[PDB]
Each structure stands twice: as structure tokens, then as C-alpha cells.
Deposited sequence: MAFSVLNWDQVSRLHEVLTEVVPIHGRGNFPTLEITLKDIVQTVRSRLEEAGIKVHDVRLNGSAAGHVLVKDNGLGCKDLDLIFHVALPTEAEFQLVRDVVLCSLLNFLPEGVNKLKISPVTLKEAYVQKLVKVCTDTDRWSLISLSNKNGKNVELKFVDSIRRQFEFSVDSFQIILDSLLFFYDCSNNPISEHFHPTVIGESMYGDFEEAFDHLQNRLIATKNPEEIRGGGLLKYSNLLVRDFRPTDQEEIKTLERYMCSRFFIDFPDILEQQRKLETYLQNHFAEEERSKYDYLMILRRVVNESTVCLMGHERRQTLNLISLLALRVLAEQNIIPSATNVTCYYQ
């Protein structure tokens, strides 16, 4: 675990104070929100409702952009983590109430407003999870930049490459925003701690500067692991060693087909993926598909020959469509 220097701390302040437009599906106007503003409003109403917030973290590539500016992963993924306890289903409802309440805050035009109408205009994704170890709720906003409000009680420590496993604790800066008489300066700024959900922070930090692909948890890799790996490859990241990465590729491919046996379901996953990370980048769409096609063709085991040609055809035909339309 490391301490964010002034260069990193200052860049975090910009991200948290960056005005992000949220599209409104329907007649609803574009919301001019702010990462700092959302966190403050959400955490406040949560504390008021009787829900303690132990931590507010910053995940995604936004965290990586803070530690290393313009690292190659971009800064489109504005992910917020709220370490919040979730006992009864009632608390899950309160979380939804708070976010929708905070949505009402960033709006002066004539229109019908309700917690339902705000959901069907600003919310694009909603995930409820309450299992053995996994226990969290997720709310996303319209992407046209995408903000994801995640509320983690306890997670099974999901798999992610070391490059995008960074989380930055905002509590020290949230304290600063609420109780300061002077703006954040170089000679007077709060101490912000960044962490890595991978292992050694300094080891993951070196991977972000040298653009290295690595992981120590191949055991917990699931279906989406293949897509993340291809996303790193299309963004010019290289494996720590080409010898062992050949083993991972086979594992990622094998685990991909297990979670997505039906080709129709594969297409749904790919069509939805290409529109997320590469919305307005057609050549990046094609490049990503060709990277994926390379991995599947090389690392699909002989016994899975049927799914290979079936998927390679899906990838090829997917490319031919984005190459025409």
C-alpha cells in the first residue's frame, strides 16, 4: 500500500470535480452531475437513513488514470464503491431510494417527476446480489462517460488483472471537502491512500507504467476474463512472459465457452461489449475483434473445435458488419 503524491492527489481532485453529462432517455434533460457531488449527496442521505458508510472508494480505469495519467486504459469508467452493510432486503431498497433521491438533485423545466420516471430515464443498469459471500447492489447511468454506483457489503474478491484492480480511498478527501476553508493546495492537501485488489501495490504500479499484463488469481477467472484480456491487447499491453500466457489463453477460452455455450448468447455479449468500451471507435471495434479472433483460433483446445469455428465465424461476421455499417 502506497501514499498518493501531490501529482496523483491533484489529478484525483480533477476527476472528482469533473462535470459529467448524463443523458436522459426521453424528454428528460441532460444531468450535469459531478463525482464529488454524487458521493456527498449519496453518503449523506445514507447516513441520515440509518446506514453507515465505512468506505467510499474509486475503482475502474479512473483510479488508474489518477495513479498514471493517460496510461492507455482511458478514463471512461467512473466507478464508485460504497462499503455499506446490507442485512435485510429493506436496506437494498433504501440504497435505491438514496440514489434516486440524489438524481433529483442535479436537475428547471416542466415535466413529470417521480422515483420511477427518474429510473426509466437516467438509470440504464441495476444489479441486485445477495448470496453466501457476494452481497452488493449496483446502479449505472446513461453513457453518451458512464457513472457506476456500486454498493459493496462483501464480495468474493472477484478476478481482475493487476492493471485495473486499483481502488482509491476518498474518505480523506471527502473529509477535506466538508471541513476546509482553503482549496486543496500543494503545500496543504489531505493524505490519500490507494490500494490494489491484486496484492503488492508497487508491483501492480510497475505494470501500469510498463504496460504489463499479469495476474496471480487465474483460479477465479470466469467467462469475461477472455474479453478483458483482449481489451488489454487492443490497448497495446504485453504479457509479463509469453511462455505462461499461452496457458492462460487456453484457460480463458475454455472458461468462456462454459459460461456462454449458446452462440446467440455469445453474440449478445459481444454486441453489448463493443458498444461499451468502443462506442465511437469503429477501427477499435475491428481491432478488438481481430485480437479476439487471434486468441480463440490459437488457444482453443482440439476437443473444442466445434465452438471455435462457430465462434470464429461469429467474430468474423461481426467484423464484416462493423466494416460495412
{"property": "Deposited residues without C-alpha coordinates, grouped into stretches that follow sequence order", "result": "1-2, 110-112, 150-151, 333-347"}
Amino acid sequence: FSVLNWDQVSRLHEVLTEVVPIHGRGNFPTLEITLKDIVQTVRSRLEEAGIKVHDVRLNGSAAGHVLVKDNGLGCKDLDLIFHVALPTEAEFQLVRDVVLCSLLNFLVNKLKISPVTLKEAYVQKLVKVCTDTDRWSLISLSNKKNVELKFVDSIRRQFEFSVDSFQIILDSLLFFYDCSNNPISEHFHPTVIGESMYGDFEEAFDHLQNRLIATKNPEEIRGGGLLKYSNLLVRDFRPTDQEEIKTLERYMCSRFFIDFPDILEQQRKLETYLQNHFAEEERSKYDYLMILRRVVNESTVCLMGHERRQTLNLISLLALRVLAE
From here on, numbers count along this sequence of modelled residues.
property: 284-292 or 22-30, whichever carries the higher mean Cα B-factor; result: 22-30
property: Mean C-alpha B-factor comparison - 194-202 and 230-238, higher one; result: 194-202
property: Member of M252, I169, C75, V127 with the greatest C-alpha B factor (per the PDB record); result: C75
property: Chain-wide C-alpha B factor ranking for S114, given as lowest, middle or highest third; result: middle
property: For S44, the third of its chain into which the C-alpha B factor falls; result: lowest
property: Chain thirds of CA B-factor: placement of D97; result: highest
property: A324, C-alpha B-factor rank within chain (lowest, middle or highest third); result: highest
property: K36, C-alpha B-factor rank within chain (lowest, middle or highest third); result: middle
